Structure formats: C-alpha cells, structure tokens
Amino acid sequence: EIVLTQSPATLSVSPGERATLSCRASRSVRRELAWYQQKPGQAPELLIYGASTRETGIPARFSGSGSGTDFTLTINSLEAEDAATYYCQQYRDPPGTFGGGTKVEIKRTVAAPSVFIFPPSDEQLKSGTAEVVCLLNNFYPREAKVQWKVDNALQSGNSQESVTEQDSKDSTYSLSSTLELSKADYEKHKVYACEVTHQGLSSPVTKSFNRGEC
C-alpha cells in the first residue's frame, strides 16, 4: 500500500513569487503521479499527470518534476486565483492513493479589517433569542484578535468565530464573531462593543452600539 506524504501541509507565498510543493511516496511509483488543484467549495482539477506532463488548459506557471519516491509541483509567478489545496495522487497500483494536501496561501500586502457591529434584529428578539455579531471584513494576514465588552466588562468564553477561505481575487479573509447570550441577558445591558486587534491597525478598532438607540 503506497502512502503519499505532502509536507509542509501549508505554504504562504507572495503574489508573483514561487511556490514549491513536495510529495513523497512510501515506495517508488516511477513517474505514475498526478497533481490536482482544489479551490474551496469546488472539486479537484487535474493539473499534471505522468509527474511532469501538464494537462491541456493548464497555465505554464504550473510545473511538475521528480521520479520514483520524490516529487515537486512548482507554481511560478503565483496568482491570487491559485489559492487552493493541492493534492498528489499516484497510480502505480490501481486505483491509486492521494496525499493529504498542501494548502497554498497567497501572502499579499497587509490589509486592515473594516469592522461592523450588528445588534440582534427586532424579528430575532421576537423569536426569543439574541446574539450580537461583529464582522471583520477583507483583511490579511488571517490572524486577528476580537474582544467583546458588555457595558465595558471584558467577556470571555461566550463568543464563536467563523473565518472565510482566502478570497480568490483579493486574497483577504473575513471573520464573524458572534457573542452568545440569552434574550434576557441582552435586555439587561446597554452598550455592546467589539474591539479588534490586527497587524494592519496601529491601535485597536472598537465598534459599538447602545441597545436603546437601536
């Protein structure tokens, strides 16, 4: 049984620069090896086969190399739309095994987030629940710190985060932080604030509202 190892499993390469991806096989697969590109929400797409042969339609910047146990996929002149997870597949033994994948991140220039805060709608309060949402939009790098405050009291343990996949055109990420609380607790406080720390910001940004003004 031929196992494929793709290490490192993450790369961060600037636009216009070279990304070099590795794939190693536990046994020689000669040159019976394919490379696939999988963008988020999508199916894999064949890039290379026979370890070095480009599939018709694939840009010249995507190249393959290697034989036996060691293989490399080089992506020259990295583009924003190359943000995807790349998989190697050997077909020495039918029907083949895949590697675990290497996600290529486009290391674009720093972009500070645009922060928006959303109180719960009147239709949500009428349903019996409340939650407040803090949107961090179009930022890079992916690292960010979100802190919730309720009447200036620092919150902890009561918020859930969700992060988008890297954008195929602008190479940024977006994040939502949702402060979880009961409708009763929401009606017991006034000021809701989310303070954002990001390397693109020199001082943290706070977005807030006063419940009674909504």
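Start at 1 and count along the sequence shown; that's the residue number.
Higher average CA B factor: 25 to 33, of the stretches 163 to 171 and 25 to 33.
Residue-level inspection of the entry shows that, of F139, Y91, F118, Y87, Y91 has the top Cα B-factor.
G100 sits in the middle third of its chain by CA B factor, as recorded in the PDB entry. In the deposited entry, the Cα temperature factor of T72 sits in the middle third of values across the chain's modelled residues. In this PDB entry, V110 carries a Cα temperature factor that places it within the lowest third of its chain's modelled residues. Sorting the modelled residues of the chain by their CA temperature factor places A130 in the highest third. The entry lists a Cα temperature factor for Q38 that places it in the lowest third of the chain's modelled residues.
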